[PDB]
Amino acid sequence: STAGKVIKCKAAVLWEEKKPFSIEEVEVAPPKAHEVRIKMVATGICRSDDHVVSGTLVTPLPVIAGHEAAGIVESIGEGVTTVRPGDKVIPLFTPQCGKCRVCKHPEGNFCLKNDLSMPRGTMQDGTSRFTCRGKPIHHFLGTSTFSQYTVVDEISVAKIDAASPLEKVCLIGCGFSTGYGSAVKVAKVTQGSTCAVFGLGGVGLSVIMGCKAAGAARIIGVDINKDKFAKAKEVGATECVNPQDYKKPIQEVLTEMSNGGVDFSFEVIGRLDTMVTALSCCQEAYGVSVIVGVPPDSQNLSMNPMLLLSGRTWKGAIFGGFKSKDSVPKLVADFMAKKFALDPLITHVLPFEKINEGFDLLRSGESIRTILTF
């Protein structure tokens, strides 16, 4: 609650990998110059949060994970000029400093001030802003939303429409904007095409949302979990295929299906093998494959270059190509206009304290987006 100094509150501290979170009490310092303390209204559980724990996404531990969320501004640090206190806002795991090459470039969005390439697990000041027990707790992507309170740089915050249903709109902070932006922005799906999506999770379903918004005539969802098929078709898919039903490789099954290959295929899972399979399954001469999943730390994939030579283009993208600070508020306005719907991504809405359970729903395959309410 209200302040101008240290706050004590609950947070999901992750002490070690392959362990559960420990909802604990933390001291959340006040916002320094150019930072903001935000009161977390709702939080989505993205697979990336799960990667931290399983050790596939290496970041410094202990740490308060969480990054897909929406909240309200409790206070503002010296100089902040973009968000006033009481404003509904959305943190940003991909900032938008406005000064580096990337923010200046009309196309790139992966700002040089991100904490994803090389995790420090600190604030821009290179300092923390959390303490549990006596020890300091690392940040995550300069967001860390698994806490009632958090403080992010002005660089990583976006003022959102006052009438926003923060319990829906938090998805736009990762899951949706990524998948929808991969399809409509990075890959640039065209009316009439035929896409293929690998991974029918929250982002996967969001890519199908983009393709369908882009006008793809066919949308082949691929997943080893038959249960994901209905949500898929509901949001946009035209058919769904499960690798395990076939006696011949999926790229073969897909090429045959597409009469030679896909127009645009997407890897929204995270494994090396499916990264290649997604590439190979697209048209050798003009197919585009967009890598969306995040692979396992320091692992190299092997693929034969002829796949590229023929004319295939392989792209990768973070946050769906979107320039964070400009995009999110604009995206929210669209949600308002009803130009899209986040409902189909939402399958559970547990309360913060049951975080470990929402993660269990993920890894078991019975959920999609599970919204932690605070």
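Rigid core (definition): largest C-alpha set, two forms, superposition within 1.5 Å. In this text, residue numbers run from 1 along the sequence as written.
Chemist: With the rigid core held as the alignment frame, decide whether 211-219 or 242-250 lies farther from the shown form in 4 other deposited structures of this protein, in terms of RMS C-alpha distance.
Modeler: Of the two stretches, the larger average C-alpha offset in 4 other deposited structures of this protein falls on 242-250.
Chemist: So which moves more in 4 other deposited structures of this protein by CA, 140-148 or 281-289, given a superposition on the core?
Modeler: Once the cores are fitted, 281-289 deviates more in 4 other deposited structures of this protein.
Chemist: Which of the two stretches, 226-234 or 262-270, shows the higher mean Cα temperature factor in the record?
Modeler: Result: 226-234.
Chemist: Tell me which stretch has the larger mean Cα B-factor in this entry, 104-112 or 172-180.
Modeler: Result: 104-112.
Chemist: In this PDB entry, which of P30, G66, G321, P62 has the top CA B-factor?
Modeler: The record points to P62.
Chemist: Using the temperature factors in the entry, find which of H139, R133, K88, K188 has the highest value at its Cα atom.
Modeler: That would be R133.
Chemist: Against its chain's modelled residues, does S48's Cα B factor rank lowest, middle or highest third?
Modeler: For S48, the deposited C-alpha B-factor lands in the lowest third.
Chemist: What third of its chain's C-alpha B-factors does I76 belong to: lowest, middle or highest?
Modeler: For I76, whose C-alpha B-factor we compare with every modelled residue in the chain, the answer is the highest third.
Chemist: Check where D245 lands among this chain's C-alpha B-factors and tell me if it's the lowest, middle or highest third.
Modeler: Middle third.
Chemist: Please rank the C-alpha B-factors of the chain's modelled residues and tell me whether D297 sits in the lowest, middle or highest third.
Modeler: Its C-alpha B-factor, which the entry lists for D297, ranks in the highest third among residues of this chain.
Chemist: Sorting by Cα B-factor within the chain, modelled residues only, which third would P305 end up in: lowest, middle or highest?
Modeler: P305: CA B-factor falls in the lowest third of its chain.
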